[PDB]
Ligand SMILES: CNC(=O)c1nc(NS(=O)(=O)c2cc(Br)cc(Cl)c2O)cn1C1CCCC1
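Shown below, as structure tokens, is a lone chain in the form solved without this ligand; questions about how it binds or moves come after it.
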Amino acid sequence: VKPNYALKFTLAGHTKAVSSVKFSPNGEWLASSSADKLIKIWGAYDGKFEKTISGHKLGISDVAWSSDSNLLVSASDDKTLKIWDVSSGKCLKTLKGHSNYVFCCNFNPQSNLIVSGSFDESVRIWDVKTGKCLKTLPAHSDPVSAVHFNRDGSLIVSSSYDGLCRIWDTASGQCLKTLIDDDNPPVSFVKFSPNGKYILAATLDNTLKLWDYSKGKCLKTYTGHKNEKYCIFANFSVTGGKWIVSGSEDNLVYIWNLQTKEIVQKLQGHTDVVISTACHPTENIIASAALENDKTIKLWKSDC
């Protein structure tokens, strides 16, 4: 069995590269961040432009939703993150502290905390209610490419060009584990599986890997695509069949069978690097976004 994703909508509006797309937890919206300094909100089902959210002084590399779908947090070249009230489009807090581009961000499931990763080589943990930085982790020795909380918020996983994936205790700030597979290619993305037991990691040698966190062992590798230069988002698709979904530098969305590691679909349409993919939380819907020669977001839908 293989999925049958087909192009449904193309969302045009950003005037520079799109950097990241994410579906709201309640399934109603898609948020996109862009090098054009804007966040845009679109209807998840109809692809309809809802609104533009502005305030950052420079382009934005990542955006993420709170668990109740009411807030967004954005990560910008202007060295700040901003927490936004989605309904009003207003900036509630500006999180200041990083000393170089902020590259990645995420809320914990409780959504009382935000974690951020930066080109300043640190990971920061922020109090959402007060806007205060709780911890500054000296996490890596090169830019931090991804940060993500596990299912109960007790752990944070980070990745870096230094070739490491590290797992941190949210409460104590202690580094609990370092994962590396003998060779040290730059790690460009990392994310916990929905059950918290695995970590999916991308490295800049055209390779994705599924790690068992507890055993600290690589279990599966996914290959065939192109990833040498960019920090591309990958996903666990779980609404239908169990797939791995990723962008690629040859302008395609790749879908692998999680268990067999076989490529099952390659989605054509984008005209530049697909930097970001996202999966709808309840329906078989994928969002993809591409870099500056393309500037569009695409919504793809499937029966399984």
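Note that residue numbering begins at 1 and tracks the sequence as displayed.
There is another form of the same protein, the form deposited with this ligand bound; it is not shown, and what comes next is about it.
S.K.: Using the pose of this ligand in the deposited bound form, placed onto this unliganded form by C-alpha superposition round the site, state open if no ligand atom is within 2.4 Å of a backbone or C-beta atom and blocked if 3 or more are.
M.R.: Here the answer is open - the superposed ligand has no atom within 2.4 Å of any backbone or C-beta atom.
S.K.: Does any heavy atom of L258 come within 4.5 Å of a heavy atom of this ligand in the deposited bound form?
M.R.: Yes.
S.K.: When the contact criterion is heavy atoms within 4.5 Å, does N206 count as touching this ligand in the deposited bound form?
M.R.: Outside the cut-off, so no.
S.K.: Is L179 a contact residue for this ligand in the deposited bound form, using a 4.5 Å heavy atom cut-off?
M.R.: It does not: once this ligand is placed as it appears in the deposited bound form, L179 has no heavy atom within 4.5 Å of it.
S.K.: Would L219 count as a contact of this ligand in the deposited bound form, using a 4.5 angstroms cut-off between non-hydrogen atoms?
M.R.: So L219 counts as contacting this ligand.
S.K.: So which stretch, 231-239, 263-271, 66-74, 40-48, is the one near this ligand in the deposited bound form (non-hydrogen atoms, 4.5 Å)?
M.R.: Stretch 231-239 is the one.
S.K.: State the residue from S122, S111, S193, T80 whose non-hydrogen atoms include one within 4.5 Å of this ligand in the deposited bound form.
M.R.: The option sitting close enough to the partner is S193.
S.K.: Have a look at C133, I167, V128, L210 for me and say which one sits with a heavy atom within 4.5 Å of this ligand in the deposited bound form.
M.R.: Among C133, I167, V128, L210, a heavy atom within 4.5 Å of this ligand in the deposited bound form occurs only for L210.
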